[PDB]
Structure formats: C-alpha cells, structure tokens
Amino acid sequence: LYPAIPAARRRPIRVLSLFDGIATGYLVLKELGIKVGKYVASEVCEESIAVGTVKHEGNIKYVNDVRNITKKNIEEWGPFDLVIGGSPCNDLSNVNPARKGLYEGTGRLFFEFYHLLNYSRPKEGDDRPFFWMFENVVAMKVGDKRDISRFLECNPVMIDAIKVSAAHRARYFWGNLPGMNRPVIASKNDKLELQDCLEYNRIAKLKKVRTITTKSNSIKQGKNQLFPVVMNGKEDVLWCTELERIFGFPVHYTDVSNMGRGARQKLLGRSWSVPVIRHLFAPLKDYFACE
C-alpha cells in the first residue's frame, strides 16, 4: 500500500497532533526510537500542556485551540508526515446520557481534525509518504460513526486495550497506518494483569479492570462497585502511579503541576492506551530515521 523507503532516504518525522492531551503520541514515537523532527500539538487544557512540556523538556510546539489554526499555519508549520488526534468524546460516548452528538456541543470538533487534515494532505503529484490516524470511543451513535467514516473516507479498526493492558478500553481507530488491521499481540514488557501495575504490598482483586473514565466511579468494579485493591486487609482504590501503569504511561508521568488524585485521573481518563498506540505507530519505523 505504501512504497518502502531505504534507510538512508529516511528523514526524521514531522507530526501534527491535534487534541494532544498529555502528549501520548510524542511519548509513543520516542519510546519506539523514531527521531521526532517536529511535534506540533494543539491543546487547550493548561495542566495537559504542563505535562507535555515538562515531561518532554520543550520539544513540543504548542499552538493552542485548534479552531484558530489557519491554512497558512499548516503550510508554515508543515510539512507534516503524520497527523494524529482524538477529538473529545463527552458528547459522543454513550456514558453521557445527555450527549449532544457529532454536530453539536463538543462533537463538532471532529470536523476540525477533518478540516486541518485536508490542509495537511500533500497535493496531487506529491508521492512522498503521509500517514494519519484518528481515535474515538466505540460507544457512539451509529449515525455519528457512519458520518465520521464518511468524512474521513475510511473505516475504523477497533483495538481493545485489554489485549495489551490490564483495562477495558475499546476504541475505533480511523487512519491509513501500515497494517492497522493486523492481529494485536502482547509484548513481554506489557503489564497484562492489574497485579502487575500495583505497588508493593498491594493485592489485585481482579485480573482486569473496567473502562477507566475521568471520574472516580470507574475505579470501583462491577455490579456492587467494589474497590479493586486490598492493602493491609483494607479495601482501597487504585493509585495515580498505578493508573499510569495500567495505561502504559511511565510512572509519575502526571506528577506535574501540583495535581491531585482527581486531576490526574481526569487527564488519564481521556488519554490513549500507550501499548495500543505503540502497536499502531510501530510500522512507522520503516519510513523515518531512528536513533
């Protein structure tokens, strides 16, 4: 589908990340070993940006709200070899009873990704490589999922984070990355059971954890919503460092900006499962420099 590139012809990667959150895309790309030439992030949340700059020491160019990016900015900041983004899903996920759908509220920010993706696309006659990816929730109105795919002219592959993590997270992934439909396999350094994510003297009640949202209620599991962890014979909730390892983020990744328990889960609740993104970005190593 994509023409192969010899190693010497490979140049560093130039990524436009919209709705960057806590810079999961940059983290995955650099943990893979890909040389990141430029990482332009569009993010509005201050605490999110604080995580991105501090943890990545200012390699990320922040360009705030996506709706103020013009066609000129895409050509100035460009060219981009990869355009990634997850639009907010508070008005698309079925967890919200008062969802407002794709066309109202917050869902309409999807079209901003679609708009700026066309700006970033190489013009006809530019055979150079170009990849993109878009993520959102599975629990979405079939009309909304239909329309998203309509605008992106692509159908999503669903990858559930439980194959590679200790948590339920089923998300759709639109894109043109090489081999997205390939079978998802676990790695030997993937913490597949909740017990592998816990700290010392902490016992896991379950092997896997229900889908983690922003709020504290998604930590307590099941019918009766029991605590997931026992410590010293006492029921307890997950810890921030444990939520981070569930997601595949480095430990203390969100120990930033004096953030407490709730703020760190709020950022983590919206984020991506790092091993899932690593599975998606892995074939990019054969198109860009690596050191």
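Numbers follow the displayed sequence, beginning with 1.
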query	finding
Average Cα temperature factor in the PDB entry - higher stretch of 223-231, 41-49	223-231
Of 204-212 and 142-150, the stretch whose C-alpha atoms average the higher B-factor in the entry	142-150
Out of 182, 71, 169, 163, highest CA B-factor residue	182
Residue selected from 105, 178, 156, 86 by maximal Cα B factor	105
Third of the chain's Cα B-factor distribution that residue 186 belongs to, per the entry	highest
CA B-factor placement of residue 80, once the chain's modelled residues are sorted into thirds	highest
Among modelled residues of the same chain, the CA temperature factor third for residue 264	lowest
Chain-wide C-alpha B factor ranking for residue 135, given as lowest, middle or highest third	lowest
Residue 245 CA temperature factor, ranked by third within the chain	highest
